[PDB]
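The chain below stands alone, shown as structure tokens; this is the form deposited in one PDB entry.
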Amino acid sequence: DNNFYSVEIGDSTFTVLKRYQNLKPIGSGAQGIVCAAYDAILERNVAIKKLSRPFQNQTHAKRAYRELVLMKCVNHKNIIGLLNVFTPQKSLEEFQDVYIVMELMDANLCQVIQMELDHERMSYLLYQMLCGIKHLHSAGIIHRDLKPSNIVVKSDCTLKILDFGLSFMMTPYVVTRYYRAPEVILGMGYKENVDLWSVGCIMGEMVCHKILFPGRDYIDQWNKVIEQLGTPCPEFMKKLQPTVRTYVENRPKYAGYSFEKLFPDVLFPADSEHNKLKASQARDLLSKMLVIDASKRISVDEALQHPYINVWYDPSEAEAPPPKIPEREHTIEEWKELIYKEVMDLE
């Protein structure tokens, strides 16, 4: 009660611990509004995300639960940490909302994408994304839904991934699918380098300042992919389920564009010999990530070692000890209790 106070943030009531002051909306996502606030105790700014009845359905519940668990057992500079978590409700019966408190970053990657970046900053951002992704992989977490809106940065070019990736809900909210790999689009099996496709899409967009494959649905998405990259080889076709294979084979054939035409020198710093070489290397990396057939696409480790990226390589960041994580299907009440226990640090 008196340890909390309430403020109206648009159509959301934020009921927060008194230590958190001067709340201001910084944006919204799949789980609602996120605010910046000042933590009067730590004497610094924080982000506060409100999860409103996260147990209301299985999609929300599994995400909230997985986020709480993973944020706690991961400690890596490129993965967002949990500073605090609380509920203003006093019991399991009364339990409604979860508030997740994290260190405040300066912007998301969507903002960075709207800016020209030199090779130093671009390569460093990419290196960090790759480090974060590899760390998740080392715990057996394959993201599958990496996107700019869930990646945040500081003015000093430091970067953190906010979510842990991969349905029906009764909401006007539309999930952005533009960064998802062909394996995901087409319902194939996948491995770790599924996430490299997403890095490729983000890198391409950082370079050309436009979404590479902005499809209204998976059918339109696939069209945009093959238009740009070309129809995949017969070898790839055999990897597909019969129903998917007939669909992919019956689409109009496209030649695709060379990576020189997709990403011309004009989109890169390319004045000096230094910059010309970097542009060539950047394009080479793009040509290895934006590869439809995952069996020919670069691995995370190969990307970390790539000449465009490896200038930043540090074993403490790229080869950190794997997180130790301590398939669930539950009802509303079951999820409610699981999430409450996790918030309250109960067994």
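Under this definition, the rigid core comprises the largest set of C-alpha atoms superposing within 1.5 Å between the forms. Don't overthink the numbering: it's just position in the shown sequence, from 1.
Problem set entry | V194 coordinate gap across at least a third of other entries | No, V194 is modelled in every other compared entry.
Exercise. When the other entries of this protein are compared, is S272 unmodelled in at least a third of them?
Worked result: Other entries vs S272: none skip it.
Problem set entry | Deposited residues omitted from coordinates between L166 and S167, as a class | Going from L166 to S167, the model skips 4 to 9 residues of the deposited sequence.
Exercise. Taking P326 and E327 as adjacent modelled residues, how many residues of the deposited sequence between them have no coordinates (none, 1 to 3, 4 to 9, 10 or more)?
Worked result: The entry has 4 to 9 unmodelled residues between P326 and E327.
Exercise. Between 57-65 and 317-325, which has the larger average Cα B-factor in the PDB entry?
Worked result: That would be 317-325.
For this session: Averaging only over Cα atoms, indicate whether 128-136 or 241-249 has the higher B-factor in the PDB entry.
Result: Mean B over CA atoms: larger for 241-249.
Exercise. Looking at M203, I161, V266, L196, which has the biggest Cα B factor in the entry?
Worked result: Among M203, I161, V266, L196, the highest C-alpha B-factor in the entry belongs to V266.
Problem set entry | Residue selected from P182, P148, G230, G189 by maximal Cα B factor | Highest C-alpha B-factor among the listed options: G189.
Problem set entry | Assigned third (lowest, middle, highest) for the C-alpha B factor of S295 | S295: CA B-factor falls in the lowest third of its chain.
For this session: Sort the modelled residues of this chain by their C-alpha B factor and say whether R216 lands in the lowest, middle or highest third.
Result: It belongs to the highest third of the chain when residues are ordered by C-alpha B-factor.
For this session: Grab the CA temperature factor for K288 from the record and place it in the lowest, middle or highest third of its chain.
Result: Its C-alpha B-factor, which the entry lists for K288, ranks in the lowest third among residues of this chain.
For this session: Could you look up the Cα B-factor of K224 in the entry and say which third of the chain it sits in: lowest, middle or highest?
Result: Its C-alpha B-factor, which the entry lists for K224, ranks in the middle third among residues of this chain.
For this session: Report the third (lowest, middle or highest) to which the CA temperature factor of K77 belongs, ranking only the modelled residues of the same chain.
Result: CA B-factor rank for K77: lowest third.
The form deposited in another entry exists for this protein as well; it is not shown, and the discussion that follows is about that form.
Exercise. In a fit on the core, which one among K90, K210, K253, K261 has a Cα that moves 2 Å or more between this form and the one not shown?
Worked result: Looking at each option in turn, only one qualifies, and it is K90.
Exercise. Would you say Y99 moves between this form and the one not shown, meaning its CA shifts by 2 Å or more once the core is fitted?
Worked result: Comparing the forms between this form and the one not shown, which are aligned on their rigid core, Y99 does shift its C-alpha by 2 Å or more.
For this session: Could you check whether the CA atom of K288 moves 2 Å or more between this form and the one not shown, using the rigid core for the fit?
Result: Moves: no, less than 2 Å.
Exercise. If we fit on the core, is the Cα of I298 displaced 2 Å or more between this form and the one not shown?
Worked result: No, because once the rigid core is superposed, the C-alpha of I298 moves less than 2 Å between this form and the one not shown.
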